[PDB]
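# Close look at the chain arrangement
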Amino acid sequence: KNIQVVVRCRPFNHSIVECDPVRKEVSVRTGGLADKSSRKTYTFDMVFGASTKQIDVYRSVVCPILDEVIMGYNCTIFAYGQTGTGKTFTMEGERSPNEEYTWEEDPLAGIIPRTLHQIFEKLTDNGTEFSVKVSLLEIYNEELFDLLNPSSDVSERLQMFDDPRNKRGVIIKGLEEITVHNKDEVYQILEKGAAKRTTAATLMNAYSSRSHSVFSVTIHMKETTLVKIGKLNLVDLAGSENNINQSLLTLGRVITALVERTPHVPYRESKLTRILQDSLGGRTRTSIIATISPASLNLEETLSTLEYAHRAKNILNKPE
Amino acid sequence: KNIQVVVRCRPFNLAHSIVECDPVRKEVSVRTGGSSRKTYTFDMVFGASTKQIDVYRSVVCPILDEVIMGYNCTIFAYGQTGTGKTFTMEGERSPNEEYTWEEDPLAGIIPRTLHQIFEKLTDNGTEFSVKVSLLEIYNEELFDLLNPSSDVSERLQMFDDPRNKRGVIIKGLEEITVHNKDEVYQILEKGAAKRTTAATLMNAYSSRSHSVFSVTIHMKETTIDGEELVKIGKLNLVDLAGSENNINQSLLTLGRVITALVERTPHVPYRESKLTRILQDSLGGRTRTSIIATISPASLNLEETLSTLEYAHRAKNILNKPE
Ligand SMILES: CON(C)C(=O)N1N=C(c2cc(F)ccc2F)S[C@@]1(CCCN)c1ccccc1
Ligand SMILES: CON(C)C(=O)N1N=C(c2cc(F)ccc2F)S[C@@]1(CCCN)c1ccccc1
Ligand SMILES: Nc1ncnc2c1ncn2[C@@H]1O[C@H](COP(=O)(O)OP(=O)(O)O)[C@@H](O)[C@H]1O
Ligand SMILES: Nc1ncnc2c1ncn2[C@@H]1O[C@H](COP(=O)(O)OP(=O)(O)O)[C@@H](O)[C@H]1O
Ligand SMILES: [Mg+2]
Ligand SMILES: [Mg+2]
């Protein structure tokens with residue numbers, strides 16, 4: 001199964017970006033001043049334009065993937081793109097101003113909170129007893145951080161090792177798995193993460209745009225007609241305008257090596273590609289959401305992102 | 001009137017305690033050893049079990065009563081990073097969305113203050129407007145953290161006000177109007193969000209910056225005889241930078257000023273930094289001033305807790321002459 005690549009465009013806070021969902025097409029005014037007429041076009045698996053509310057993203061991109069998680073496959077969603085184009089928005093979201101909605105209902109919620117709420121809804125009183133545990137593992141300067149561990153300072157780095165059993169596997173020493181016992185335990189658990197993020201931003205320069213975040217949901221399920229185990233990793237990558245950059249560089253070379261069928265794929269050259277090894281060229285169903293800004297001020301980065309997302313279409317995975 | 005100096009001690013985390021606070025004796029005492037200790041006396045002393053409403057009732061309500069009479073006032077939060085300065089002046093949310101913002105027991109001074117201004121001034125005769133500014137000092141550069149237009153990183157300039165002489169004018173600093181109690185939280189949300197950018201753009205912004213949150217209240221009384229009496233009250237809520245920290249110039253200049261004021265030297269170095277120049281009248285001037293020292297109960301912070309208590313204790317001897 002080829003990696004699916006979705007493009008989403010944010011609204012202005014004179015677009016050079018035109019989206020055609022039905023044609024699955026993105027169009028860019030490249031010539032600006034002299035050449036009003038030239039455009040670049042790329043085709044992707046799906047295309048969402050600037051009026052795409054969150055529920056459109058959740059219904060089309062996530063629900064299908066999460067259903068597959070509920071079967072007991074692995075799945076990953078990456079958000080890729082230039083800083084300020086909506087990666088954190090898409091994977092996490094925001095709160096409607098002035099305490100208008102509860103977190104379960106807020107139309108501005110994104111993938112992570114929308115998922116943890118519906119994991120419980122999809123699986124309650126339908127036979128299956130199940131456990132939900134989450135991890136927030138984050139990479140900065142090729143150093144590993146736990147951002148939901150409650151008895152640790154964020155600044156305590158983790159260690160990573162080869163898993164002897166697996167060969168793509170890594171073991172992270174002391175990565176905390178927090179259990180989510182019910183739907184109304186989520187937001188509380190997300191708030192503890194929110195606060196260490198703030199501490200992390202205080203400890204590390206440009207932490208929010210220079211760090212990679214892997215938010216992982218593990219579901220053990222019991223339905224004797226049978227035990228399934230599905231894992232969904234929610235990856236907020238660092239802005240694609242970037243040791244400080246090593247994971248972002250190596251994600252690049254892995255994707256290249258994979259599609260040009262190059263011999264030695266360098267998963268081991270960076271912690272991000274070691275953790276997410278099975279997501280690039282493995283037994284994981286992987287989706288990439290490329291995010292882009294509609295303003296001519298960002299022409300070169302928008303084009304950089306589209307070229308990157310498009311060359312990633314050709315990676316074959318084998319969800320097993 | 002001597003400046004009021006209170007010490008508040010935070011509780012531990014989920015991650016030995018060398019701090020014993022005695023409210024009734026208003027004494028905080030710290031184990032220098034472990035047969036050893038140092039003791040200080042303060043105007044008030046709050047222990048790790050002190051709820052926020054106790055801080056607000058004890059420390060702020062008089063201050064605010066005085067603001068409404070038409071005086072200026074400042075409340076400083078001093079202490080080393082991780083002891084509760086931002087806890088004290090802004091607060092936190094009770095977990096799991098349990099209370100609305102107006103009712104949350106974990107709200108701190110600023111949100112509680114903006115709530116009760118409207119409460120205290122409902123139907124009491126006085127007509128009034130509330131405007132707020134969030135001005136911040138970082139690396140001796142000025143920042144507006146509530147201007148809805150303009151990016152955070154757009155720096156402001158400051159000048160001597162020719163009219164006043166302690167005065168400065170800050171060019172392009174925005175005053176946002178709070179028309180009622182239910183416009184507050186929303187306005188703070190814009191603040192909360194520009195803060196997140198600021199931390200992204202500037203190294204350790206949350207601990208190396210000074211934050212001046214100012215509420216000005218224009219008041220109009222009209223007597224039994226028709227005449228209008230106009231009072232103007234201003235409250236500055238100052239979250240100072242961590243006392244363990246050019247990048248340090250305001251924090252360093254505050255120290256020299258406080259020293260200079262308490263050993264009564266003629267030359268106070270107000271204009272050696274933007275913080276002491278902005279807040280010039282709060283140190284040795286006609287402003288009623290309170291300092292809240294924050295300290296940690298852990299032996300691991302022994303050296304800084306002392307440095308803080310010693311710092312706070314010397315500010316007791318600053319005399320102000322309000323209005
Ligand atoms: C109010 O405080 N909190 C905790 C939040 O607002 N959120 N929790 C999130 C979150 C935090 C993390 F640390 C890690 C991964 C995450 F998904 S998502 C987010 C949005 C904030 C992100 N900018 C949210 C939750 C629920 C509904 C709508 C938005
Ligand atoms: C995102 O939600 N918001 C906006 C908040 O939670 N708060 N607004 C704060 C705030 C932000 C500023 F930029 C400046 C001065 C301030 F006081 S106070 C605080 C929480 C403190 C840390 N933010 C709060 C509000 C209401 C009840 C209880 C606590
Ligand atoms: N699809 C969208 N709809 C509304 N606002 C958006 C959208 N995408 C991004 N934004 C806004 O743009 C700003 C940048 O979003 P952010 O998620 O921080 O980008 P990134 O994570 O790539 O740095 C935020 O204020 C966010 O509200
Ligand atoms: N009085 C208090 N009660 C409860 N928690 C506190 C208190 N003071 C500090 N904390 C906690 O300690 C940490 C440091 O708080 P903070 O105000 O950010 O410190 P500072 O701004 O002085 O560096 C936060 O987790 C906060 O919740
Ligand atoms: Mg982001
Ligand atoms: Mg702080």
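Residues numbered from 1 in each chain as written, not as in the entry; some residues may be left out. Chains lettered and ligands numbered in written order. Heavy atoms only, no water. Residues with missing side-chain atoms left out of burial classes, pairs and counts.

Right, let's talk about the overall build of chain A for a bit. Helix and strand counts for chain A stand at eight helices and 14 strands. Projected onto its principal axes, the C-alpha coordinates of chain A cover approximately 65 × 50 × 45 Å. (Helix = DSSP H or I, 4+ residues; strand = E, 2+ residues; numbered from the N terminus.)

With that out of the way, let us pick up the site of ligand 4. Residues and elements named next belong to chain B. In the vicinity of ligand 4, the residues found are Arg-8, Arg-10, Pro-11, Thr-81, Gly-82, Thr-83, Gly-84, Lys-85, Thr-86, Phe-87 and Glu-92. With respect to ligand 4, the side chain of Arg-8 contributes an N or O atom lying 3.3 Å from a nitrogen atom. Separating an oxygen atom of ligand 4 from a backbone N or O atom of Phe-87 is a distance of 2.5 Å. Isolated, ligand 4 exposes 560 Å² of accessible area, and the fraction of that covered by the protein chains is 69%. Here the shell around ligand 4 gets three residues from one element, more than from any other, and that element is helix α2 (residues 85-89). Its residues assigned to classes, the shell around ligand 4 comprises two nonpolar, five polar and four charged. (Near = heavy atom within 4 Å. Polar contact = N/O pair within 3.5 Å; in protein donor to acceptor, adjacent residues only side chain to side chain. Areas by Shrake-Rupley, 256 points an atom, 1.4 Å probe, with all protein chains shown as cover. Nonpolar A, V, L, I, M, F, W, Y, C, P; charged D, E, K, R; others polar.)

Here the focus is the pattern of salt bridges. Residue and element names in this part refer to chain A. Evaluation of the coordinates by the stated rule reveals 23 salt bridges over all chains. Notably, a salt bridge pairs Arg-285 with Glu-68, separated by 2.8 Å at the nearest N-O pair. A single burial state applies to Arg-285 and to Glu-68, both of which are buried. Residue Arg-274 is joined to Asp-162 by a salt bridge in which the shortest nitrogen-to-oxygen separation is 2.5 Å. Looking at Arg-274, the relative accessible area reads 15%, which means it is buried. Residues participating in the shared-partner salt-bridge network are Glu-92, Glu-138 and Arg-197. (Salt bridge = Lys/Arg side-chain N within 4 Å of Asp/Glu carboxyl O. Buried < 20%, exposed > 50% of the residue type's maximum accessible area, 1.4 Å probe, protein only.)

Residue and element names in this part refer to chain A. The residue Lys-87 is located in helix α2 (residues 87-91) in this model. Nearest to the buried, unbridged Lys-87 among oppositely charged side chains is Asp-236, at 5.3 Å. At 3.4 Å, the side chain of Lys-87 forms a polar contact with the backbone oxygen of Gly-81. Beyond its immediate chain neighbours, meaning those up to four positions away, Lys-87 contacts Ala-79, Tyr-80, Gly-81, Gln-82, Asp-236, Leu-237, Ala-238, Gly-239 and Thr-291. (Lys, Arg positive; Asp, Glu negative; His and termini not counted. Contact = heavy atoms within 4.5 Å.)

Residues and elements named next belong to chain A. Neighbouring ligand 1 are 15 residues; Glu-92, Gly-93, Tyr-187, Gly-193 and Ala-194 lie closest to it. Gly-93 places a polar main-chain atom, nitrogen or oxygen, 3.2 Å from a nitrogen atom of ligand 1. Taken together, the elements giving at least two residues each to the shell around ligand 1 come down to α3 (111-123) and α4 (186-203). It is α4 that contributes the most residues to the shell around ligand 1, six residues altogether. A per-class count over the shell around ligand 1 returns eight nonpolar, two polar and five charged.

A separate point is the side chain of A:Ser209. Within the fold, A:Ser209 resides in helix α5 (residues 207-210). If near-sequence neighbours (up to four positions away) are discounted, A:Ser209 is found in contact with A:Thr83, A:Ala238, A:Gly239, A:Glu241, A:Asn242 and B:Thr200.

Put simply, an interface is often sized by how much accessible area is lost when its parts join up. On the chain A side, the residues contacting the 19 residues of chain B number 20 residues. Looking only at chain B, the three residues that lose the most surface to chain A are B:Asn96, B:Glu97 and B:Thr200, adding up to 38% of its buried area. Put simply, chain B and chain A have two salt bridges between them. A salt bridge links B:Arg93 to A:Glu99; its shortest N-O distance comes to 2.5 Å. Inspection of the region where chain B meets chain A yields ten residue pairs in polar contact. Mapped onto the side of chain B that touches chain A, the elements with two or more residues apiece are α4 (184-201) and α5 (205-208) of chain B. Looking at the side of chain B that touches chain A residue by residue, the class counts come to seven nonpolar, eight polar and four charged. (Buried area = accessible area lost by both parts, 1.4 Å probe.)

So, on to the sheet that holds strand β4 (residues 39-43) of chain A. All names here are of chain A. The three strands lie next to each other as β2-β3-β4, forming an open sheet whose pairing is antiparallel. Only two strands of the sheet have a single partner each, and these edge strands are β2 (17-20) and β4. Here the strands of the sheet are splayed against their neighbours by 15 degrees on average, with no regard to which way each runs. Two strands pair when backbone bridges link them, and β2 and strand β3 (residues 25-29) are joined in this way by four bridges, in the antiparallel orientation. Of the residues in β3, the one forming a bridge with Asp-20 is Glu-25. (Pairing = 2+ DSSP bridges. Axes fitted to C-alpha atoms, helices over the stretch in contact; angles between N-to-C directions.)

The next point concerns the pairing of β3(A). All names here are of chain A. Joining the antiparallel neighbours β2 and β3 is a turn of four residues, in which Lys-24 adopts a positive phi near 45 degrees. Summarising the sheet, β3 and β4 pair through five bridges and their orientation is antiparallel. Following the sheet pairing, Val-26 is matched in β4 by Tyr-42.

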